[PDB]
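Note that our numbering has the sequence shown beginning at 2, numbered continuously upward.
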Amino acid sequence: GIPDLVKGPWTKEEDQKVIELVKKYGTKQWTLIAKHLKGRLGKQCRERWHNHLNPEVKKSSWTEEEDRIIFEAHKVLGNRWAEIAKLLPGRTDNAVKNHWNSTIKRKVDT
């Protein structure tokens, strides 16, 4: 046994730097990671800096799928906020309804 990359086995340590660089960089120059940690591919990471970001509409406020639904529910029934909410458990009719004139009132000043 003892294949290549044995004359210098990297670990979380060196990898810890890449994280310090990706953060200090913003995850744009993936070349750094690799260029930094050679021997192997600088991949196997995206699944953390690329697969993470996913906040809300305004933290606590509405969400994504929630925004869409409503944005794709008012065109299915109408001002049935009573129903719109019925879809998303948590908010009420007075919620979605307002949410319409809140930030979901784009199509108005056509």
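Each residue gets a CB set at the ideal place from its N, CA and C atoms; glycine is no exception.
My output table needs one value for residue i: the three-state DSSP class, helix, strand or coil.
i: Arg41; result: coil
i: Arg69; result: helix
i: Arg92; result: strand
i: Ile3; result: coil
i: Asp110; result: coil
Which residue from the options puts its Cα closest to that of residue i?
i: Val19; options: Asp94, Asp5, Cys46 and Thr64; result: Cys46
i: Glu66; options: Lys59, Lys60, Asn52 and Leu89; result: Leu89
State the Cα-Cα distance for the pair residue i and residue j, rounded to the nearest angstrom.
i: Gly43; j: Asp68; result: 36 angstroms
i: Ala96; j: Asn55; result: 22 angstroms
i: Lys106; j: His53; result: 29 angstroms
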